[PDB]
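Single chain ahead, by itself, as structure tokens, in the form deposited in one PDB entry.
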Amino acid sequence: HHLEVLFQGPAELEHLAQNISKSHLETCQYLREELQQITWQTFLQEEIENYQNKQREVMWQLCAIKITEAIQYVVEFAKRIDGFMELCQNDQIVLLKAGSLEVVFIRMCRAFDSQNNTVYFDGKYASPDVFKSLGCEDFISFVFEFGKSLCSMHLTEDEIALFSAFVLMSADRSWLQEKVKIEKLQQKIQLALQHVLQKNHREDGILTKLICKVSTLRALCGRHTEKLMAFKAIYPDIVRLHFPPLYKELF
């Protein structure tokens, strides 16, 4: 009893860390190790040429399909975050609309080869050149730069899990009803994230460097929306008839 009391604090942090870490583990398609083992499998020059030969709307539709697949996993992750299912549906939707793609871009660092500037896409590791047909060179550059930036931190799976849960449970999203409840949940997550970070590298104070990225994510995801809207303006029927419904619902 007395021992249990002496441990209650750190125990709680560890319990929350382990819970989120498990949820992350169980909602990623591949193990970190599996992705790392195949970074050499880049697209062949002919394959790259084939993607570049695709028409803008074709490449867009493909990217939307693949993003949506990743988002599905993120939705499963969200469902497992304690507190998330207790929120009103309105807030669950607001949080997912804003944060699902943020988590996708965080998860990207696991499937990103920083040394070679490539990302796991459609079966193999893709350089920026693979995405030329989108007509979004600056955005693609931004994505890969973010990949490199986040990779530079050498985040563990648990760190990614907790950081993902942190940006998802953001109390400052527009239009939230239960801001105070969400804020309290995020605070608890931040403490567990800090707990997990200084367990590996008390060499620095990277928590702030991590939270610094929070702003970049928002900008990156903001750009994605802006571009999707411009694309939709030009190809309304492609979006209506050929884009994944979940993607349309979210964005």
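C-alpha atoms forming the largest set that superposes within 1.5 Å between two forms make up the rigid core. Shifts are known only where both forms have a C-alpha. Start at 1 and count along the sequence shown; that's the residue number.
What comes next is about the form solved in complex with a partner chain, which is not displayed.
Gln92 is the sole member of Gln92, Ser149, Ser127, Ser170 with a non-hydrogen atom within 4.5 Å of the partner chain in the entry with it bound. Put simply, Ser133 is far from the partner chain in the entry with it bound: not one heavy atom of it is within 4.5 Å. Under a 4.5 angstroms non-hydrogen atom cutoff, the partner chain in the entry with it bound has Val75 among its neighbouring residues. Although the partner is absent here, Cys109 is not a contact residue: none of its heavy atoms lies within 4.5 angstroms of the partner chain in the entry with it bound. In the entry with it bound, the partner chain sits within 4.5 Å of a heavy atom of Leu96. Only one segment in the set 118 to 126, 162 to 170, 176 to 184, 67 to 75 has residues whose heavy atoms sit within 4.5 Å of the partner chain in the entry with it bound; it is 67 to 75. If you check the partner chain in the entry with it bound, you find a heavy atom from every one of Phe84, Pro245 and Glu249 within 4.5 Å.
Following superposition on the rigid core between the shown form and the other one, the residue from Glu226, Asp204, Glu69, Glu33 with a C-alpha displacement of 2 angstroms or more is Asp204, and no other.
Core-superposed comparison between the shown form and the other one places the runs of three or more consecutive residues whose CA atoms all shift by 2 angstroms or more at 201 to 205, 233 to 235, listed in sequence order.
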